[PDB]
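Asker: Here it is: the structure, laid out below.
There are 2 protein chains.
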Amino acid sequence: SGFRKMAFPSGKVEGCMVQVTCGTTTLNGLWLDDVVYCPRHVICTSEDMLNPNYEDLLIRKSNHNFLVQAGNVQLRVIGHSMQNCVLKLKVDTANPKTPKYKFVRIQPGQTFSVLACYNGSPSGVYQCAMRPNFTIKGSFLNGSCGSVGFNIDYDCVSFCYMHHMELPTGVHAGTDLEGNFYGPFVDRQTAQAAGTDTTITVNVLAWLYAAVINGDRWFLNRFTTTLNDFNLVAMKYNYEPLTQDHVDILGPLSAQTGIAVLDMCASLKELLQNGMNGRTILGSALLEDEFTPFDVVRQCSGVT
Amino acid sequence: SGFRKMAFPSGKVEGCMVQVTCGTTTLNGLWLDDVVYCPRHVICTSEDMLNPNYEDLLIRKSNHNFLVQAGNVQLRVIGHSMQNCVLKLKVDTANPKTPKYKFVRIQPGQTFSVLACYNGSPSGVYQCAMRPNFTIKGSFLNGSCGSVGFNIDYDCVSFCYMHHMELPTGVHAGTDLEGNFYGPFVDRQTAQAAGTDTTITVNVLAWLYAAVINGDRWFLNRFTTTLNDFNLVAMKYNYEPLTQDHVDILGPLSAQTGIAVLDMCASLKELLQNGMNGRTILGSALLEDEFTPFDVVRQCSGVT
Ligand SMILES: OC[C@H]1CN(Cc2ccccc2)CCO1
Ligand SMILES: OC[C@H]1CN(Cc2ccccc2)CCO1
């Protein structure tokens, strides 16, 4: 019993982290097979960052300008290319610790673990969600760029995120491993405002199921509702709309607890309208939205 | 910027986890050099667990009764001994992935990462505190016993916890790596009640400092207090007493933010007395006590 915000074991990703230096900028790279992936802004002076022309900046750069260090050994760069907002540095040595991996672009609401790194060295691991506004609420200091987000299915690391940017509001923006930003953000030091940070409704419902499973039941009410009625209340409270897709995904949690999804929706509705009245659920005073239904099933079933 | 509940990178500990089977009981072992450490209750039938005599149960056990598997390879057990509530199984092979390590007994309030394992396989990592009542609020299903708690100082893993028990209240109890329980708990399926789960005051103060550092300042008040006045309020709210030792440990956070410790104490006092009035601090609706001052400095400074 018990329910924790839990990251994937990070060992398989620790084995992939390298330091990338271009001139006076150092940040993190991901070393998979004989390619090192890093944010293209590695080539920028924080002066360049105001209005960078990356193609023009790149002309000035050779393989030998990219310094790649894995532990305290230097990798030989034998090629470099730009793909969207990432550089791929071809190195002469395949990473001997390359795990099975995929690059996936996740959807808003999906959770992943971040291995926070400085100078190619891991400092910590935490669990995130891609916010509905395509930001993440990370913990990232200068030098943390190229830190990656990932899921693990058994022995396969799915890389979903690379850290690029802190917005003036101190929330975070980055790319998939093809170098495409999540949301409308660009790798430029300019005014970039995030949209509404709404709550991931399907994730809240999953975590209410996790609470019931773990004995926290005080909030279960006598009511039910409809998707349309619930969605009216959701919108009023900056909750994302619940679809029949979300209801389907919650099916297994509904099955295990015998609480119909629409009943749990009506319980959520009363919590929104009545508040927590100073009570907690799974040791939280607010409704947690950084567990997916898959996450709740995984942790409640003990998947390795 | 940003502040996350962050575990240590778990790779160094993933490399230490093995499966231990005695008869029909399987749980986790820690393989360091040529010794595998596991909970002694591995030798119990859940029938034995009601009133086990471990010394008498152990007489019935030989080296060959302990089945140790690291990946899908079996280790040869060439010796076994009981030390307090753990078994040490001597194996014929030194773990080639043994990191530099120490066994430390932590104090209540100290934080550590848990690598949750089933069948010797890692499922997740999360950050804990040893509660003032010597319990932890973990996430542990059947098969998770022998999962360990640890801190990392650069390249040295300090093992502080091994999981043994869930109390009837669904909180967790375990040992240091010498097999000595934290708190008054025993490895027996009997009524064992925890004491008061009080808040770790020094940790709350550290996390209020982390909030200020990260731009959350709405709660900073115009007041100060004394250790004695603050402690009167602390006791009333099931907060642990603050000592001059705690004030000293917060010195660096006081220095960086220019907020005297006793001023931050008076801010905490008003939050206890007035509540959060529906506001959040670092995205929490309650006062977080699972970051130490050391943790706040580490994460706010980017230690690897
Ligand atoms: O009123 C309805 C809710 C959901 N929101 C949709 C939304 C979708 C994507 C990203 C941000 C926001 C708007 C604001 O509040
Ligand atoms: O009234 C004072 C506070 C602190 N408590 C001390 C305490 C110390 C250790 C373990 C549990 C509890 C008692 C209860 O509330």
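Just so you know, the sequences run in chain order A and A'. A prime marks a further copy of an entry chain. Position one of the first sequence corresponds to residue 1 (the deposited numbering), numbered consecutively onward. Position one of the second sequence corresponds to residue 1 (the deposited numbering), numbered consecutively onward. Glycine residues also receive a C-beta, built at the ideal position from the N, C-alpha and C atoms.
Can you tell me which of A:49, A:18, A:160, A:25 puts its alpha carbon nearest to the alpha carbon of residue 35 of chain A?
Answerer: Sequence index remark: in the first sequence, residue 35 of chain A carries index 35 (1-based). Closest option to residue 35 of chain A, Cα to Cα, is A:18.
Asker: Since residue 339 of chain A and residue 91 of chain A should fall inside the 8 Å C-beta cutoff, what is the C-beta to C-beta distance between them, to a whole number of angstroms?
Answerer: Nothing about residue 339 of chain A can be reported from this structure: the residues present for chain A run from 1 to 304 only.
Asker: If you measure from the CB of residue 235 of chain A', is any heavy atom of ligand 2 nearer than 7 Å?
Answerer: What you label residue 235 of chain A' is simply residue 235 of the second sequence in a count that begins at 1. Correct: residue 235 of chain A' has its Cβ closer than 7 Å to ligand 2.
Asker: For ligand 1, is there a heavy atom less than 7 Å away from the beta-carbon of residue 238 of chain A?
Answerer: As a first step, residue 238 of chain A must be located in the first sequence, where it is residue number 238. Within the cutoff, so yes.
Asker: Can you give me the C-alpha to C-alpha distance between residue 275 of chain A and residue 166 of chain A, rounded to a whole angstrom?
Answerer: In the first sequence, the residue the question calls residue 275 of chain A occupies position 275. In the first sequence, the residue the question calls residue 166 of chain A occupies position 166. Taking the straight line joining both Cα atoms gives about 32 Å.
Asker: Just grab the DSSP bridge partners of residue 43 of chain A' for me.
Answerer: Locating residue 43 of chain A' in the second sequence gives position 43, where the first residue counts as 1. Note: residue 43 of chain A' sits in no beta bridge, so no partner.
Asker: For a cutoff of 8 Å on Cβ pairs, would you count residue 141 of chain A' as touching chain A?
Answerer: Indexing the second sequence from 1 puts residue 141 of chain A' at position 141. Chain A, which has a Cβ nearer than 8 Å to the Cβ of residue 141 of chain A', makes this yes.
Asker: Are residue 8 of chain A and residue 101 of chain A close, meaning C-beta to C-beta below 8 Å?
Answerer: In the first sequence, the residue the question calls residue 8 of chain A occupies position 8. In the first sequence, the residue the question calls residue 101 of chain A occupies position 101. For residue 8 of chain A and residue 101 of chain A, no; Cβs fall outside 8 Å.
Asker: When you compare each of A':273, A':208, A':219 to residue 232 of chain A' by their alpha carbons, which one comes out closest?
Answerer: Against the second sequence, residue 232 of chain A' aligns to sequence position 232. Checked all of A':273, A':208, A':219; the closest Cα to residue 232 of chain A' is A':273.
Asker: Reducing DSSP to helix, strand and coil, say where residue 273 of chain A ends up.
Answerer: Taking the first residue of the first sequence as position 1, residue 273 of chain A is located at position 273. The answer is helix: DSSP assigns residue 273 of chain A an H, G or I state.
Asker: In the DSSP assignment, find the unbroken beta strand (DSSP E) run with residue 248 of chain A in it and report its ends.
Answerer: For the purposes of this step, residue 248 of chain A is identified with residue 248 of the first sequence, where counting begins at 1. First-last for residue 248 of chain A: 244–257, but that is the alpha helix (DSSP H), not the beta strand (DSSP E).
Asker: Return the chain-ordered ranges of every beta strand (DSSP E) run that is complete within the stretch 160–247 of chain A and spans a minimum of 3 residues.
Answerer: Qualifying beta strand (DSSP E) stretches, in chain order: 172–175.
Asker: Threshold first: 4 residues or longer. Then list the alpha helix (DSSP H) segments lying entirely within the stretch 54–95 of chain A', N to C.
Answerer: Runs found: 54–59.
Asker: Please check the pair residue 117 of chain A' and residue 144 of chain A', which I expect to be a contact at CB under 8 Å, by giving their CB distance rounded to whole angstroms.
Answerer: In the second sequence, the residue the question calls residue 117 of chain A' occupies position 117. In the second sequence, the residue the question calls residue 144 of chain A' occupies position 144. At roughly 7 Å, the Cβ-Cβ gap stays under 8 Å, so residue 117 of chain A' and residue 144 of chain A' are in contact.
Asker: What does a CB cutoff of less than 8 Å around residue 282 of chain A' pick up in its chain, not counting 5 residues either side in sequence?
Answerer: Locating residue 282 of chain A' in the second sequence gives position 282, counting from the first residue. So the qualifying residues of the chain are 3, 207, 210, 211, 214, 216, 288.
Asker: Excluding sequence positions up to five away, which residues of its chain have a Cβ less than 8 Å from the Cβ of residue 238 of chain A'?
Answerer: The sequence position of residue 238 of chain A' within the second sequence is 238, counting from 1. Counting only Cβ-Cβ distances below 8 Å, and skipping sequence neighbours, we find 196, 197, 198, 199.
Asker: At what residues does the beta strand (DSSP E) containing residue 145 of chain A begin and finish?
Answerer: As a working note, residue 145 of chain A is residue 145 in the first sequence. Where residue 145 of chain A is concerned, there is no enclosing beta strand (DSSP E), given that its DSSP letter is neither H nor E.
Asker: Considering only DSSP beta bridges, list what residue 38 of chain A' is partnered with.
Answerer: On the second sequence, residue 38 of chain A' is found 38 positions in, with the first residue counted as 1. Paired residue(s): A':87.
Asker: Smallest Cα separation from residue 174 of chain A: which of A:202, A:157, A:134?
Answerer: Translated into positions along the first sequence, residue 174 of chain A becomes position 174. It is A:134.
Asker: Which bits of chain A does residue 125 of chain A' rub up against, with CB to CB less than 9 Å?
Answerer: Along the second sequence, one-based indexing puts residue 125 of chain A' at 125. Result: 6, 7, 8, 9, 10, 113, 125.
Asker: Name, please, each residue of chain A' whose Cβ falls closer than 9 Å to the Cβ of residue 285 of chain A.
Answerer: Taking the first residue of the first sequence as 1, we reach residue 285 of chain A at position 285. Those within 9 Å of residue 285 of chain A in chain A' are 276, 280, 284, 285, 286.
Asker: When you measure from the CB of residue 195 of chain A to every non-hydrogen atom of ligand 1, does any distance come out below 7 Å?
Answerer: Along the first sequence, one-based indexing puts residue 195 of chain A at 195. Correct: residue 195 of chain A has its Cβ closer than 7 Å to ligand 1.
Asker: Using CA coordinates, which residue listed in A:139, A:108, A:259 is at the minimum distance from residue 222 of chain A?
Answerer: Translated into the one-based positions of the first sequence, residue 222 of chain A becomes position 222. Closest by alpha carbon: A:259.
Asker: Among A:20, A:39, A:126, which residue has its Cα nearest to the Cα of residue 162 of chain A?
Answerer: Here residue 162 of chain A refers to the residue found at position 162 when the first sequence is read from its first residue. Cα-wise, what sits closest to residue 162 of chain A is A:39.
Asker: Within its chain, find whatever has a CB closer than 7 Å to the CB of residue 32 of chain A; leave out the 5 residues flanking it on each side and keep chain order.
Answerer: To locate residue 32 of chain A, count along the first sequence from 1; it is residue 32. Contacts found: 16, 95, 98, 101.
Asker: Any Cβ of chain A' within less than 8 Å of the Cβ of residue 116 of chain A?
Answerer: For the purposes of this step, residue 116 of chain A is taken as the residue at position 116 of the first sequence. Yes - at least one Cβ of chain A' is within 8 Å of the one on residue 116 of chain A.
Asker: Starting from residue 119 of chain A', find everything on chain A with Cβ-Cβ shorter than 8 Å and list it in chain order.
Answerer: Stepping through the second sequence from its first residue, residue 119 of chain A' is reached at position 119. The contacting residues are 304.
Asker: How many angstroms separate the CA atom of residue 37 of chain A' from the CA atom of residue 179 of chain A'?
Answerer: Position 37 of the second sequence, counted from the first residue, corresponds to residue 37 of chain A'. Position 179 of the second sequence, counted from the first residue, corresponds to residue 179 of chain A'. If I take the Cα positions, the gap works out to 9 Å.
Asker: Who are the near neighbours of residue 111 of chain A' in its chain, counting only those whose CB is closer than 7 Å to its CB and skipping five residues on each side?
Answerer: In the second sequence, residue 111 of chain A' corresponds to position 111, counting from 1. Contacts found: 127, 128, 129, 290, 291, 292, 295.
Asker: Using the beta-carbon of each residue, which ones in chain A are nearer than 7 Å to residue 215 of chain A'?
Answerer: For the purposes of this step, residue 215 of chain A' is identified with residue 215 of the second sequence, where counting begins at 1. Residues of chain A passing the Cβ test: 170.
Asker: What number of angstroms, rounded off, separates the C-alpha of residue 240 of chain A' from the C-alpha of residue 243 of chain A?
Answerer: Mapped onto the second sequence, residue 240 of chain A' falls at position 240. Mapped onto the first sequence, residue 243 of chain A falls at position 243. Roughly 46 Å between the two C-alpha positions.
Asker: Find the nearest neighbour of residue 182 of chain A' within the set A':172, A':203, A':88, A':250, judged by alpha-carbon distance.
Answerer: Position 182 of the second sequence, counting from 1, holds the residue named residue 182 of chain A'. Nearest option by C-alpha distance: A':172.
Asker: By the 10 Å Cβ neighbour count, where 16 or more other Cβ atoms means buried, how is residue 50 of chain A' classified, buried or exposed?
Answerer: Taking the second sequence and counting its residues from 1, the one referred to as residue 50 of chain A' is at position 50. Its Cβ having fewer than 16 others within 10 Å, residue 50 of chain A' is exposed.
Asker: With distance defined between alpha-carbon atoms, name the residue in A:63, A:151, A:60, A:87 nearest to residue 105 of chain A.
Answerer: Sequence index remark: in the first sequence, residue 105 of chain A carries index 105 (1-based). Out of A:63, A:151, A:60, A:87, A:151 has the C-alpha closest to the C-alpha of residue 105 of chain A.
Asker: Counting along the chain, where does the beta strand (DSSP E) carrying residue 122 of chain A start and finish?
Answerer: Taking the first sequence and counting its residues from 1, the one referred to as residue 122 of chain A is at position 122. Residue 122 of chain A -> beta strand (DSSP E) spans 121–129.
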